[PDB]
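[1] once you've seen the sequence and the experimental structure below, I've got questions.
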Amino acid sequence: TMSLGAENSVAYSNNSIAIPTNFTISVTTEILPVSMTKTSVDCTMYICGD
Amino acid sequence: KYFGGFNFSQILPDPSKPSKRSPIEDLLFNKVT
């Protein structure tokens, strides 16, 4: 059965705050297409070859 | 489930059902066919 990750139980309360002490600068990547191959076909040669 | 005073019983999953859904989601799965 597919697991959706590990289970975590955030301790919620009326007087419980979690302020971070350190930081970790991370650099991610994202690959987005911006253009495709510009194509052009000839109707005559493709349909009627010679 | 005393979250300040706001009652999230309609959106949190109800344990007394085999689908483990919320009362609002129960209306959605029955209305939409």
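    Happy to help now that I have it. Numbering: from 1, shown residues only, chains lettered A, B, ... in the order given.
[2] what residue is smack in the middle of chain B?
    Most central in chain B under CA atoms, centre = their mean is residue B:22, positioned 1.6 Å from the mean C-alpha point.
[3] and residue 11, how many neighbours?
    I went with chain A, as the question did not name one. Applying other CB atoms under 10 Å in any protein chain shown, we find 6 residues neighbouring residue A:11. In this view, the C-beta of every residue, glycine as well, is placed from N, C-alpha and C.
[4] oops, chain B please
    For residue B:11, the neighbour count with other CB under 10 Å is 10.
[5] which strand or helix spans it?
    Residue B:11 belongs to no helix or strand when elements are defined using DSSP states H and E.
[6] other residues contacting stretch A:30-40?
    For stretch A:30-40, there are no surrounding residues in contact (CB atoms under 8 Å, 6 or more residues apart in numbering or on different chains).
[7] how far does that stretch stretch from one end to the other?
    Terminal residues of stretch A:30-40 lie 30 Å apart, using CA to CA, to the nearest Å.
[8] mind checking how far that stretch is from the chain centre?
    17 Å (CA atoms, centre = their mean, to the nearest Å).
[9] do the same with stretch B:5-19
    Distance of stretch B:5-19 from its chain centroid, counting by CA atoms, centre = their mean, is 4 Å.
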